[PDB]
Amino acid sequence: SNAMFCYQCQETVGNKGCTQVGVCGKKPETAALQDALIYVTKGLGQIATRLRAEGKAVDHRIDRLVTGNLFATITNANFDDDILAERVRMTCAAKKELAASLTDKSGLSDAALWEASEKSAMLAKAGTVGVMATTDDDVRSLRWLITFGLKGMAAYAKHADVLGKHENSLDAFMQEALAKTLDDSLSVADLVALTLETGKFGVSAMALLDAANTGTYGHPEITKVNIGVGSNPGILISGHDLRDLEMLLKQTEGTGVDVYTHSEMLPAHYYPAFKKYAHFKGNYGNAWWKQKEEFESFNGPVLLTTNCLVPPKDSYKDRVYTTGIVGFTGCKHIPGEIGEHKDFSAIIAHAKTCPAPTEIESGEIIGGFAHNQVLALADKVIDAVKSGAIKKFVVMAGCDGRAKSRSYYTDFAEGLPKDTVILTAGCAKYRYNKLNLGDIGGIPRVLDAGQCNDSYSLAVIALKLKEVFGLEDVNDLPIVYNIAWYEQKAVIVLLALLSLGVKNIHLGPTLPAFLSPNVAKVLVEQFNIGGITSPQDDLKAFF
């Protein structure tokens, strides 16, 4: 008998499932509360969907509850059982109220109807509503593939919402799709269709977030980012939320406290609005998984706006601040998940008592090649492709992680011929953005479009190139896809790319545990998804 079952991230035990404790640190009761939360969120989605079908309004507060619930269960987001149990209660209360407004209550699922206030009852329920509750291998695989894609979609939708952008069609889809994953009548064909539809709405969510980010902070532009440090106390902001950074920068103005980015906050540097704060210093360290070392050496407080937070060492736990849907028991939390005013005064005061950061490297890296910037350079890129100066683009976007095998991505990047350009987005970049790879005709050989959500820009760029070259098929561009994944935002990016018709994606360092043999076969047969081997072998085989 397993104490838990979770297989949603790349590091899952044995590439099969975490059954005792998560490799990420997630304890079984935490896992159970997340399972209960997803269950009642799907129930809420059914009720809201039914209300929409009856012609009844569903308030945007419900949308926010759903996206917050999903995001709270993303890998490395929230380990705080008290917070998770309260989200279960909030969700039960909300769906009971919504169900009261239904004219016809027939056909409501157990998820829609079930409630508990006591944590013990939540844990008991979790035992029968987890991944393994679906007996059929393929239905299970697709249900969870969709659910994980929906988590990624919800994260991006939530960031857009934080910046004041939401689309009824997106929230309605998310809630309908969640409900469909509890509908036992849906066929495998229905679920494959829903998988691809989820990808399509993934593009929509990424487009919305792209519009929100650029509308608020400007279009990213070419930027040199310092990776060394100054001599003032600092705050290190990590995760993805740019609105949190805006508020933090405004509040640190005049204080003598500098602000540094970490992991997926690096791309904040690329936005013109943030360049106007002189105390916005560099990017410190590498991807999320090195944070037990890098948060320690940073010395100042660290603010986690989203995942990935790893269970902190006691050495720096007292200077970890979470916000939004991030949580860890014993770590201070700054309240707010809708972009409302956040008071950073305590973190700023804390920073003044800490030593300045310990430098771990110096120099600069270049980025800011999101869609507006690359389209501004399109003629020169096109000319370089036509002349043979650029023989291939390699999309190496996605997530980094702990696995030793990910040395592959560094070695692959280093071994690429010097007539290739790497396109990147997401923290996967850290496996090769500190190498000395040079340039082709002045175009850097690593073009960083931004955060994992800025994979959207890479798709926009590919589609632009398809148009300019007059190609019928996006796959006839000189682009190889060698994508690394870790968590559920990478899942929605993958589904988005598949919905756009991108084939031949090499995904690694392993393939998700949640793909059943038959589901994997469909992805191979229709999309030619593959994995990785050795860097030297793939440097030959992939081209």
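So that there is no doubt, residue numbering starts at 1 and follows the sequence shown.
Colleague: Which wins on mean Cα temperature factor, 451-459 or 272-280?
Modeller: Averaged over C-alpha atoms, the B-factors run higher in 272-280.
Colleague: So, looking at the entry's B-factor column for Cα atoms, which has the higher mean, 48-56 or 489-497?
Modeller: If you average the C-alpha B-factors of 48-56 and of 489-497, the larger mean comes out for 48-56.
Colleague: Which is it among 216, 78, 387, 297: the one with the largest CA B-factor in the entry?
Modeller: Checking the PDB record, the top C-alpha B-factor among 216, 78, 387, 297 is at 387.
Colleague: Tell me, please, which of 314, 244, 400, 221 has the highest C-alpha B factor according to the deposited entry?
Modeller: Highest C-alpha B-factor among the listed residues goes to 314.
Colleague: Lowest, middle or highest third: which one holds residue 510 when the chain's residues are ordered by CA B-factor from the entry?
Modeller: Middle third, going by the recorded CA B-factors of the chain.
Colleague: What third of its chain, lowest, middle or highest, does the C-alpha temperature factor of residue 35 fall into?
Modeller: For residue 35, the deposited C-alpha B-factor lands in the lowest third.
Colleague: Please rank the C-alpha B-factors of the chain's modelled residues and tell me whether residue 235 sits in the lowest, middle or highest third.
Modeller: Lowest third, going by the recorded CA B-factors of the chain.
Colleague: Against its chain's modelled residues, does residue 68's Cα B factor rank lowest, middle or highest third?
Modeller: Residue 68: CA B-factor falls in the lowest third of its chain.
Colleague: Quick one: classify residue 228 as lowest, middle or highest third of the chain based on its Cα B-factor.
Modeller: Middle third - that is where residue 228 ends up once the chain's C-alpha B-factors are sorted.
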